[PDB]
């Protein structure tokens, strides 16, 4: 079960919460819930702005320059990818994570009607990629979206746990709720 072992959110969220003024700024800029941002901070770095994963996901929202970093630079009208030092900077890190969430909402996940389903799809896509999420429904992006829209948030989570090739995928939703409950 993707909820084992249990995940206590109180501390990660407490530390995440220290970044709220930045998350508010980033969120307002990109049309993203600052609590959604904070929960992602808590789950991914536990609020450590200097954290670097074994796969080079960097900073508070654990962005990978070669994937999310590139997509955000593209969205800004820029070439290339952000540096590791830029991704360690709290403001630049949160602003880019917020931008990535908006990119996901407006691109691959466009059309998802239920706000809770969309929230869940955003976190799973953020963590394991929109392409991977969509492929658990269809090879056609918008048929995938049509299928997602047949589901409620609980069914959506069930489908992810049942079909997603990465076991961690539904665990991100479990921790998401843990974090939201601590806030």
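Residue numbers count along the first chain shown, from 1.
Stretches 5-13 and 161-169 differ in mean CA B factor, with 5-13 having the higher one. As the entry records it, the average C-alpha temperature factor is higher for 48-56, out of 48-56 and 118-126.
Among the modelled residues of its chain, residue 141 has a C-alpha B-factor that falls in the highest third according to the deposited record. In the PDB entry, residue 102 places in the lowest third of its chain by CA B-factor. Ranked by Cα temperature factor within the chain, residue 95 sits in the lowest third according to the deposited record.
When the CA B factors of the chain's modelled residues are split into thirds, the value for residue 67 lands in the lowest one.
For residue 80, the recorded CA temperature factor ranks within the lowest third of the chain's modelled residues.
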